[PDB]
Every structure is written in C-alpha cells, then in structure tokens.
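Can you keep this structure in mind? I'll have questions shortly.
When the chains are written out, they are named A, B, C, D, E, F and G in that same order, and each has its own residue count from 1.
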Amino acid sequence: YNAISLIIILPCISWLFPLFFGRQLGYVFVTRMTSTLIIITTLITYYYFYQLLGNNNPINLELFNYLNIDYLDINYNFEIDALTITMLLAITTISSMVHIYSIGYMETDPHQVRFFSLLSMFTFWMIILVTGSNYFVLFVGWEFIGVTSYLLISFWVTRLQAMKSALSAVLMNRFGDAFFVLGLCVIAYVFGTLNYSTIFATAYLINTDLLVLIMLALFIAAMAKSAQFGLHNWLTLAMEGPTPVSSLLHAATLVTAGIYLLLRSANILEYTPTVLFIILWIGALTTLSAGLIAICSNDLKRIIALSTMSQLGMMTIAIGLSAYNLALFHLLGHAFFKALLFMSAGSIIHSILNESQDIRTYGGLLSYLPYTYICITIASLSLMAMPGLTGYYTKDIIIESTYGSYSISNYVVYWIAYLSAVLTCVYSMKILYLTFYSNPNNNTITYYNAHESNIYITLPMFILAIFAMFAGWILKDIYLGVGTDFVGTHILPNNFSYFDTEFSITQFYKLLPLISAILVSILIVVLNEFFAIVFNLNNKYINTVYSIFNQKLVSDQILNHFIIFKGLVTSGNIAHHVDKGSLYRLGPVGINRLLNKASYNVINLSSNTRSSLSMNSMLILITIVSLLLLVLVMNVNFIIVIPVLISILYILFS
Amino acid sequence: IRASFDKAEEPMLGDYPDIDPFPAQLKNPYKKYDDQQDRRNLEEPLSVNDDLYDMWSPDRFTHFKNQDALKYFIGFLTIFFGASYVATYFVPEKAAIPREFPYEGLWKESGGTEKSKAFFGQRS
Amino acid sequence: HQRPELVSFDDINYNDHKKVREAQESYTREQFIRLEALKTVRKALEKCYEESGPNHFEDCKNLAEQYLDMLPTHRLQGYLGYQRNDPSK
Amino acid sequence: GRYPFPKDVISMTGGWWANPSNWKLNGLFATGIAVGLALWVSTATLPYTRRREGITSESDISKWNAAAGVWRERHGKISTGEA
Amino acid sequence: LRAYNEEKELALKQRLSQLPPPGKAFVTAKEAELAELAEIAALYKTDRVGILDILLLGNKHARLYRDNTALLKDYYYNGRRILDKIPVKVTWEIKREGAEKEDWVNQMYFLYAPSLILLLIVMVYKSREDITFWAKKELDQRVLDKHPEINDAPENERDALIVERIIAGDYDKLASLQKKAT
Amino acid sequence: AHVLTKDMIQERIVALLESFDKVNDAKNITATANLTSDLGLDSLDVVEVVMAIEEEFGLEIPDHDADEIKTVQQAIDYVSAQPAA
Amino acid sequence: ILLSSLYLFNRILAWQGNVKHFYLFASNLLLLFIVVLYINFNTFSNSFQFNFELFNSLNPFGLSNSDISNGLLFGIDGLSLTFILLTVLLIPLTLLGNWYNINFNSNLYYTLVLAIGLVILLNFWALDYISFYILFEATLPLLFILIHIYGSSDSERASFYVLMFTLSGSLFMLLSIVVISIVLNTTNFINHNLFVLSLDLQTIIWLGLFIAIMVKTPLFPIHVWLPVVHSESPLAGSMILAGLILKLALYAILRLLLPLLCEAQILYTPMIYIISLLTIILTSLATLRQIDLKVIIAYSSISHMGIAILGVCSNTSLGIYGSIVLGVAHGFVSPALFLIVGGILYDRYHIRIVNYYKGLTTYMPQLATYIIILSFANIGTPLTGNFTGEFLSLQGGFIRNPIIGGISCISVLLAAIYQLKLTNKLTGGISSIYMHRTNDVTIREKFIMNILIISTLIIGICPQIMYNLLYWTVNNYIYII
C-alpha cells in the first residue's frame, strides 16, 4: 500500500481499461468500474491529506530517467506536498462526483464507454500535472489535459459547432503552450535544470530581467489556461460538450491549472514584482469583463462559465497581491460550489422535454423541482459569499486583502473587485428568479412532464451541497491562519501583509461588500417581481450596450475577423502569391518560358533563308569579322567589351 | 467578387467562373441541401477562395459591423484602463507603518552578506 | 572499469591518427567528468534545500553560489576548438 | 431513445450501446486484471518512495556547505551583490 | 520437402480449360458449376510443391505450374470477393471467422517483429554502458585514489565523504590537457 | 420518455383555437376547417395563430412553410411531420 | 553463397512469378543483420568500426588489403548506426505498404523500391566525399522511373521535379567536393577535421555545400518541389522520400560540413537561422490554404525539417541531440501519415481533395483513432519523440540566438493549427455524401501503423535510450574555444 503510487496508477487504469476492453465489457460495467476506481483514489487522497496535516513530510516517488544529456537531467519525479494535496482534494472529489453524476446524465447516450474513459483520462493527466516535481512532468500533464479537452468538447462528433468549439479550445491552449515552451527553454538555459528544488534553491540570486522573461512566458501560458481576458474565448465555447464535462473542466481541474502554474512558481514570482503587477491588473480586467458579460447572457451554462471566468480573475488578483494562500484557498473552495452549480444546471436542463438551456424559456419551476432549487440556491449563496458559507471565507478576505495591500495604488483594485462582487449577485439572482420564481414561460406540457432526476444525479449534488456549506469553515485555519506553516511558500517579508489587511481594515470596507450583496440580491428579485419595465425597457442606446455585453464584449468577433480571418487571408497570400507565384517564377514556370523563347530564337537564327550555302557562308564571314573586331576592343579595354558581348547574347537568344 | 482578396485573384482566372462568394453560415438553414450540414448542393460552383467561405471557415458575426465592434472593444479597454489609472491619483493614505524585522531586516536569513546588505535585507 | 591514458593535443603529431583519436577522446571524457562534478554539486544543493526549508537561504548559500558559478564553465564544449587552434600563438 | 446502427462497424470502444450478453463474466476478468496491476505497481514502486525531510543529516549538509565555501575561496568568488 | 507432380498438373490445366475466365466466372450472381469452381479454387490453398523441386526441376514444369497457380488464385479471390464465401468446405461456405492467413503474416510476425523486439532489448542493455555512468565511477575512483583513508570509513559514511571531496576540489584534468595555454 | 400522437396534436390545436377570441365560433372548428374561410381569420390573425402553434409545440416554422398551411388538417399533418415537437 | 543465392532468386522467380516475397525476406534479413552488428558495436570509442574498401586497384572486385587506399571507403560510427537502424526498420514497411495495390508490372515496382532503400542504406555507410556523393545521386534515376511509371495523374511533372531540383543542388555540392579534392588531395571523413583551410576558401566551399543542403532538406525558398513530388508519388516513394531521403541532408550537415568548415560555419550561422526561421513560419502558414491531403502532409515535413536545422546548427550538444532525435521521430510518424492519406484513403476512394472528406468516424472508428493519435504525435505532444526532438532543438536554437529561437517557439502553435484543422474535418461531422462506405483499416495497414506508433512512443517516453550511440556525436562537432 503506497498512497502516491495508487493515486497515480488507479485513474490510469480507469482511463485505459475501457479503451482496451470496452467492446468486451459494455458501458454498464465500464461506468461502474471507472466510478469505483475514482472513488478509491479520492479516499486514498483524503487519508493522505489527513496524515499530512498530522506531519508535513511529503512523499516523493522517483522513477526512471527521461533525459540525461549534457547538463540537463530530467526525471519522472512526483511529490505530494501541501499545494499538491489541496489541488488533489479538488481534483479527486469533483472527479468522483462527476463520474457518479454521468451514470444518470448520460444513461441514454450510445457512446458511454468512450465518454467515461475520457473523463478518467482527464483525471489521470491532471493528477500527473499537479504531482510532478519538475516543470517537464507539469508540461506533460499540461499538454495531455489539452488533448483530453479536445476529445471531450468534440464528444458529439457529428455536431459541427462542437468540433469547431473543440478546435478553438485546443488552438488557444496551444498558443499558451508555445509560450510555455519558450519559458521552459529560458528556464533550462538559465538554471541548467527543470527541477523545483534547484530553481527554488537559487532563484533569489538570479538576474531580474531573466526572471521577468521566464515569468512572463509562464504567465501567458497560465493566462490561456485560466481564461484571462487575453485568451478567454474558448471558455464559453467549451459549453458545447456534455454538462458533466463542463462540471469537471470549469470547477476543479482544467481552468485551475493556470492558477496552479502560478502557485507552483510563487517562489520565483516573489522576485519578479513587475509581472505580479501585470498579473494583478489582468485579473481585475478579467473579473470585471466576466461579470459584465454574465449580466447580459441568456444561456444557463454560459452564465455559469462566465462566473468561472470572474472567479479565476479573482484568484489572479490574489496571486498579484502575493497572498498565494488566499488564491489557493479560493481555488479549492470555488471548485466545490462551481461543480454544484453546473450539476444543478444539468438537472434543470434535463427536467425540460425540449432540454432548452435558455433562461428565457423556463419560469415557474420552484414548485416542480424543489431539491434542484435548494442545491442551486446553496451554490449561489456560497458564490455570493453569504455569511457562514464556504465562499465567504475565501471571497471576502481576498477582497479585503487589496485594501490591506501595502501598494497604495491597489486601492483601485478594491473598488474593481467590489463591483465584480455585486455584479455576481445580479446574475445569480437573475438565474434564480428566471428559473424558479418568475411566471411560467414554457408551454403547458413541459410543466406537466417536469420532474426531478434519478439518484445518480441527486446524490452528488447532496454531497457537494454539504461541501459548499462546511468545507470553508472547517479548513480556514489550514490556509488562512495567523501563522499556518502548512503551505510553506517563501513570501518575502516586505511583501507579506496578511496581518495588516486584518488590523487596518475598517467597518465600512469590511462590511460594505456583504451589505451590498444582500441589498442587491433583494433589489434584483423585487424589481423583477414588481417593476419589470426597468429591466424590459426598449431604449435604443441601452439595447446597444446590452448587445455589446451579450456578444462577449465583442471579443469573439474581434478575434475572428481581425486575427484569425486576417491570418487565413495572409496564408492565402503566402501560398498563392509566393509559393505558387514568385517561387515558381524563379523556378519551373519561369525557366520553362525563358528556355522556350531562347531555344526558339536560336533555332530560327537561320529560319527564313532558302539557300543554306549562301547563309552559312555569310555566317562564317560575320563570325570572322566580329571576332577580329571584338579582340581589337579587348586589346583596347576589356571592360568595354562586356556590354558588347551582352548585346550579342541578347541578339542571339532574345 | 466582394472582398479585396477575391478581387485580387481576378487576373488569376482565365475561364474559371467568377463566383460572387457568400458565407455558408449565412445561408438560411431551412432550405434543403444535398449536404445539409455544409449547406451545399451538388455541382454548385465554388469561388476561388471557397475555403474562406464554407461552413468550416471561421464564424462570422452579424449584429455589429466589424469596424463598430472594433470601436466598442477598444473603447471598453480605453475607458476601463484610463479610469483605473486616474483613480490611482485620488487614493487615501494608509494608517500603519509597513512592518519591520530584527537583525537589520533579517539580511542574514535571506542569504545576504555583510558586504551586500542592500540586495538582501528587509525594512529593519 | 576502463581508465584510458590521457593524451594532449599539444604534445602529439597530427599524423599519428591513434594519438589524435586518443587526444579527442581524452578531451571529451574530461568534459564529462566536469559535468559529473557539477551534477554532484547540484544534487547536494537539492538535498540541502529540501532539508532546510525556510532557512535554505542561510544553510545552502555556498552550494547555490557554487552551482551558479560552475554552470557556465562545466558544460560540454567539444574538442575542435582546441585541436584546430593553437593558444600560444 | 435508440435507432438503428451498422452492425459491421467494429470499434474498440464497443460502438452503440455496447452491452454484451456475457458482460458479468468479462467484468470479473477485467477487475481481476485491474487488482493485479494496481497491487503489482504499488509494491514494485515501494523502494523508490521516500520522504522529503530528515533523509540527510545535519553533518552532511553543514559539511557540504563548508566544502562549497572552500571551493569558492580557492577560486576568487565574491557573493551576489558583494561589490 | 518434395511435393511436385507433373501428371496432376497437365490434367489440372484442362480442368481449368472448361471454366470461363475468372473475371466472368461468377457474374451470374448452375450450382454444380459453382461447386466445381469451389473445388478448383480450393486447390489454391492446397500447396502443390515444396523446395526440393523448385530447386531441382526445370523451367517447363515451372512455367506450367506458375500459369496454373495464376488462374487458381484468380478463381479463388474472385469467388471470395463476389460471393462473400470462402472456397473451402467443397462448396463455397460462409465461414469467414478465422482460418484466413495472408501471405505476409509469417514473415512480419516471426522475423520482422522478433527482430524489432531484439533491437529494443539490445538498446535497453546497451544504454547501461553510457558515458554518464563511466564518468560517475571515474570521478569516484579519482577521489578514492587521492584520499584513500575514506576507504577505512564504513559504507554509509563513505558516499557522503566522496561527495564532500568532490564538492571541495576540482578533480578534472581538462586544464592539464591544455598545456599551451600556460 | 414522452411521445405525442396524432389525436393529441389535434386536441391541443383544437383547444388552442378555442382559446382564441378573434374566432367566429368555437363549435364550428373542424379538422378540415379553413381558418381564412370558416373561422374568418384575418391575414395577420392566421399569423398570430401559427405563432401560437409554434409556441405550443416548441418548433420553428419558416416563412415559406408558415404561409402554406391554410387548414387545420394541414397544421396537424405539418406538426406530426416534425420529429422533435 | 552469392552464386547459390542467385540460383535461389532465379528459381523463386521461375515458380512464384512475383519477386515480392523474396524481397520482403531479404529486407527482414538485412534488419536482423544490422541488429547483430549493433550487438557487436563498441560504444566506448569514437572511431569507425566495420570498415571496408571497394574498387581498390589491387582488388577491384574484392575487399582491399593494400597499403595504398584509392578505392571507396565505408564504415560506421554511432551517428551513422542510428540512421542505418531507421533505414532497415523502414524498408520492409515500404514493401508491405504496397502489397496489394500494385498489379501491373509489379516486379519492376518492388525492384525499384528495394533498390532505393539499399542505396540509401549504403549512403549512410560512405566514409568519403566521393562515395557519399555517388550514393547521394544514384537514387535520382530510380525515383524518376518509379514516379513516372507508378505515380498518380500528375506524375510526369513530378518525376521531372524530383530529378531536376535535386540534380541542381547536387551539382553545386559537386563543385565544393571537387574544390576539396584538388586543394587537399584527400576526400575521406576519418581525418578531415585535421585540415584547416584558410577562412576565405572555407567561406567559398561552404556555399556549394549549403546550396545542396537547401535543396535537399528542403529550406525556404527552394522547397516548392517537395509537395508536388510527394503528392504524385506512389506510396512507397512517399514513405522513402519523407522518412529517409530528407534525413540524408541533416546527416550531410553533420558529416560533410561541420567537421571541415568549422570557422566558416560559425561565420554563416546567422544566415542559416534566417533561412530556417523563414522555412518554419512561412511554410507553416502556407499549409493552411492547401486542399490536397498529401500536399498538407508533405508541407508539414518542411517545417519540422526547419526546426531540426535550427537544432543541428546551434553549436550545442542539446541542439544536435534534438536534431537527430527529431529526424528519427519524423521518420517514424511522417510515413504513417502518408500511409493514412495516400495508402488507406486513396486506395479506397482514389481522390485527395479535402472537400470530399468529412466525418469518417461513423463507419471507420479505428481509422479515426489512428488519425487522432498520429496528428497529436505530429504536432509534438509530449511522450512522443517528436516533442523531445523539437524541444531540444528549440533549446539549442534559443541558446545560439535568444531572439531567433524565441520566435521559433511559435512553431508549436502553427503546426497545431494546420494539423488539427485537417483532422477536425476528417473525423468530425456527418459522414460525407460524396463517398460510399468502405472497409475500416485492414490488418496489414494496422500492423504498419502500430509499428510506427510504438517506435515513436518508445523514444518519446525514454529518449535517453539513443544516447549510447550518440554521446560522442553530441560533442564531436561543436566549436568552442
């Protein structure tokens, strides 16, 4: 019994055994088998976490050599430490729940063996991603979760839009991976190694320009992974895949890898205060844009995905404050209630005969689906950081850190973050009302047939509801404790400010996000139930700004017309005008034309003549005389004869 | 015919049909086609740049013109960043001093050396 | 375990190919020994860091500095530079 | 619900609603192989497992740092920022 | 192995002669003619000669057997391709499950594939004599030859002491070889 | 799951038309009744009715096929022709 | 033996009438023989080992035991053994990939294919400039005949391209080799790093060698022959041309150029980096607008060759190791992709236009899985040898010039784009209306694809397994004072 070996090897079996034996086993056995393996992995992980809190002495597993070329020695090394165990808690819990949920949610689907193998594949490669002890193992996991995301978003292969969504995701994350490879090259050159131990051993002595180069490349990679406002577009397109896929990808593992890559690099990031600044302001932009788009969206999964985008921006702000523990705790807490939101949305969608995702097409369902209502309600109130709930202990303290941060200018971030927070309430209430309170908007047969889902759906929602009520309170001391030493990241003492953000905070700032949340939630509900005109006006200008927000701050158009379409036009220019234009001209086509004219001219040098004797005799006379005169010229000056020879060649061949 | 890059190819055809191109995505999807997914009928002529107008080409957005969308996107970024920068000026001052540390800022604990205490060393 | 005799480019006549081959192999093998020394220093540094934690900055300063010093000079460099150039002139 | 599908199309994943009639026996084989593989892996990788801290003694760490200082004094090596 | 028979062959030719060309020999899709097609095509997989006769005999017999085998192969494969039935069992049975070996399998599975496995094994064990291991051992031996007293130390102390000596001192010989650089 | 039958479609359409206030009479609504003629529905009113039908059976009628349905039987056969409704 | 084996060949031909079983057997024996040679190859020595001389004046038809060397020299070191192993792994697969689709005049076809393989294998044994050049050119007429007689509709233009472009570059290489011959009166590779020509003459000789390299690799801007030749070639031609023949140029850089013209190479490296960056970027972008499957696959090879060039000219051990590993991995994966597009799809449908193909996953799930695997291998997914080669090549390139290698890191994205754009359309969507359902991949096609995938996976998981043949090589050619 070795916990680390089992934690790695069991999801590998749950991945590969369906691909080897699916035709022989069938989806009944495959679903039950993969779910059981993931459950056992999750249990082993929880036990390891318990012991580690007992005794923070991480296990390492050191295996065969990958490369041992000149000074670069890379090994398949894995370790489970505090950071990794927090990641693994999220990954394994959400993965086991999603596996159980999919038995019910996908019961009708013909292709369940492939689907469950792919969910297990994603779990295995994400575990590899977080457990590796050097940047190479991290990159192996990084690229394989991208491959798995491509296979999942395009799971419904016959659907054109799904294939294009998958292509979007895989290509934007390959852009990130290009900058990742750049960073790895810089790291290997500067440090002679990719191991965490050596890089964190010597990073404080390193030249700062080099550290900025490395961290900038790594941050562009994480930006694409965690859908910051540069490279977000694929995140909402990923809602083409089945809902359990969205639950796994947007809560626990995929979009968190970027955050992890910044958390694992915090020791380097302490010495790069410029990129921390860029990280901070990128996150503020991301959270604002996500909230604004969410307020004007009508697709349930799209609103939940944009909420994920806002939360990732919030974690990125935390990173930029060097409150890495804060970002880590918010990652772990956000995973649970985000997974619950997505699973509850899946229930709502399956409760409609049409299976519509338009929030404008539901409207009275509180009476019909009380349990899905209560689950989605708990998740929303966790997101809104309502008192005594898991989201409170993460979101609120991250918001307050910005005010408590030593950097003066960071005060602006406070207000940005606060606006995002209230903006969050606005969309949560909007989906809460429009789904459960409003007045029925679907036709009468849907309400007759509207029922709750099976146990396979319901039980995971119950488990994650308990998590989203209790985990934050039971874990607040591990991650946000006055001197907790569990996550051992070396924060520069000048930077550390978690005490200042608690003692220096006033009542106005410590209380204003909470009161604003409560008041805005009530406000939104009452204005919807009593003054629908204020929301449903018809102003031309307001409809315009709403249209801006509804089409993702036209970003997706901007990308598709000015980069991608322009790039395809430029590729056409290169392929037709250069490759099949100029390059064939200085090639087969031009040479063929040239030789045709030249050969024609030389053979027709004596074309129209009738008497071969007379013409050939004239040629010998002309040759003799011309050679004499040419040589006379050469005796004079050889340079003067070069143009004459050029002209003679021109006469003969052209 | 319509776009600059389709026009630029006009000298490059001799005896190929000069087709006016239309993005397949914008063809109405309730008509019937031999290939419903691609919205194409058999023997239908292709534009020379057909690969940029078929269903697998990048999606086209109709609600705004591309130029106006560029205006809105730049404007959103401009107003957000300018507002944040300006707000940086009208900022309150903090009330507590940044904290300090024994041993001249623990310059020894963060590596550091007698001869090099400015590089490594806290606020003391 | 083999220990071939070391041969220098500066002593030999470039027309005995056996001596030239031995000099090339000697140069390459010495570079690989240097790489081994660098790897030893780096492994000691990793051990020191993992057992020191927050006070690695103090307890591993010598190892960190020495690893960073030997990194540029203890890599493979080939023999062609030295065989085709005579440093004296 | 369901629909017809071509029966000749053989996929390693089983194709459409693959639910073989003898699936319980095949599942017993598959679980046996899974248990064997997991236990072999867990046992074989045991010698390559170790804890992170308290594996080298303070004697080794201190003397290695001392030797590196010796090396840096033989060469002329000032410290970072030491100028 | 010797298996030829000229007596059989010169009659097999005429038994072929009655049949239509293998291109048109099944384009009806009576069953008696199809049954003879089944038998005569089944002759293709009944191997008719071994090595002792290809090596020893002459080219007239060879040319005739070659021709016969050409038409047999045409009949067998055309019946198999149109009817979907194997020409064994002897009237055109459907039993396609198994008993179908292609003419490349033996070579690729018993010569090529074992050769590739042997190459992988050889590479694995050749990688043990890699320069990195030699130079590890050589550094250790140089240290042990310069400071033999760490031999007297017990086993578990020994490796730490070699590491200490390596760290402190520059045991390479690169600069020694660079004589003319003073 | 849920499956509709020709008579269920007919009963839903008949109740739908019975609910409409612009109609001449409720008792006169037949399966082969003409909305334009028998029920005396205006040009725009039959449009409102087609829109009601699509809002009821959850489908999307194109312009060309909407204007083609003139009788109730035509509506029923159209709604039974569509798999997802 | 030779007399007896010729009798064996003659009798087999008399009785069977098809030579292909004998050729498959001979090539499998050749692979086994090379493995036996590897068993007896000493790795703790940077000297050529299995040496022999042909056409010496004392023994024109035998092996030379003379004190004067005036014949053609042959022998191997670790570098050449690597490529020889790749060659003998590939040859039987190129025979087996055309087992059923060649029907008229098949004996000549298989003879041409096997001859081309044997010529390349001998080319890797050559130990002097003239023997190398002879085996370098001898493939051109065989390829001309093979493409002209057994190629697709446009195969006449293709045969003429494959002859004329390669002759064009080779003649400038011939100028360089003649200059070396008359200036040094020696031509062999054993001691040619002992001759130091004046920097000016070095600079001149380099140009001829590099023009030949530019056409054979190929590099921008003289690459445009390769898509045509690959597209119109029969399958064995494409497999040999992409898996083996292009690797001869990388081998030529290591064997013919770097040891002799070291200083000139230092001087010329920035120009090489310009050319390679142009190759990578421009050919990757030009691939996006191609409509022929085989053309797209062919264009992919050029960009990967650019990355390999950047590695091999980086003056670092990591870069040279990455270039060699990339060459080997490309030799595994590119023939597999050519097998898919010009062997499996083309033999079922006899067409290569991308518009006709869509949604193959429905009737051919196995082929779709192969396509997905080979695509992600081709764009350098880790645990594949392609990733190791590209990553090490980019490391070396970045060290050699940080700006140029840093920009070169965009190839990850660009390759992902063109490849995944093709595979997305090939596998997804509804089955195409233009084609009828055919058989899924056969046992023979799966066997070939499985061999290639296992090879690339084995060197992707543990690239170190090549080091025992190459650790001298990664130091033999760098020029550092």
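In this section, a residue touches a chain if its C-beta (ideal position, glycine included) is under 8 Å from a C-beta of that chain, and two chains touch if they have at least 3 such contacts.
Student: Please report the minimal path length, in steps, between chain E and chain F on the chain touch graph.
Tutor: The fewest touching-chain steps linking chain E to chain F number 3.
Student: Of all the chains shown, whose C-alpha centre falls nearest the centre of every protein C-alpha atom combined?
Tutor: Ranked by how close its C-alpha centre lies to the overall one, first comes A.
Student: Taking each chain's centre as the mean of its Cα atoms, which chain lies farthest from chain C?
Tutor: F
Student: When the contacting C-beta pairs are counted for C-G and for D-G, which pair yields the higher total?
Tutor: Result of the comparison of C-G and D-G: C-G.
Student: What's the distance between the Cα centroids of chain A and chain G, rounded to whole Å?
Tutor: Measuring from centre to centre gives 37 Å for this pair.
Student: Distance from the CA centroid of chain C to that of chain D, rounded to the nearest Å?
Tutor: That gives a centre separation of 32 Å.
Student: For chain B versus chain E, what separation do you get between their C-alpha means, in angstrom?
Tutor: Centre separation, chain B to chain E: 53 Å.
Student: Where in chain D do residues touch two or more other chains at once?
Tutor: 1, 10-13, 15, 52-54, 60, 64, 67-68, 71, 79-80
Student: If a residue has to touch 2 or more other chains to count, which residues of chain F qualify?
Tutor: 1
Student: Among the residues of chain B, which are close enough to touch at least two other chains?
Tutor: Residues 37, 56, 110-111, 120.
Student: Touching residues of chain E toward chain G in the complex: what are they?
Tutor: 49, 54-55, 59, 62-63, 65-66, 69-70, 102-104, 107-108, 111-112, 115-116, 118-120, 122-124, 126-127, 129-132, 134
Student: Considering the complex alone, what residue numbers of chain A touch chain C?
Tutor: 70-71, 73, 191-193, 195, 197-198, 200-202, 204-205, 488, 490
Student: Contact residues on chain C for chain E in the complex?
Tutor: Listed in rising order, the residues are 1-3, 6-11, 23, 26-27, 29-37, 40-41, 44, 63, 66, 82, 86-88.
Student: In their shared complex, at which residues does chain B touch chain G?
Tutor: Answer in residue numbers: 34-38, 46, 51, 56.
Student: Tell me, which parts of chain D touch chain B in their complex?
Tutor: 78-83
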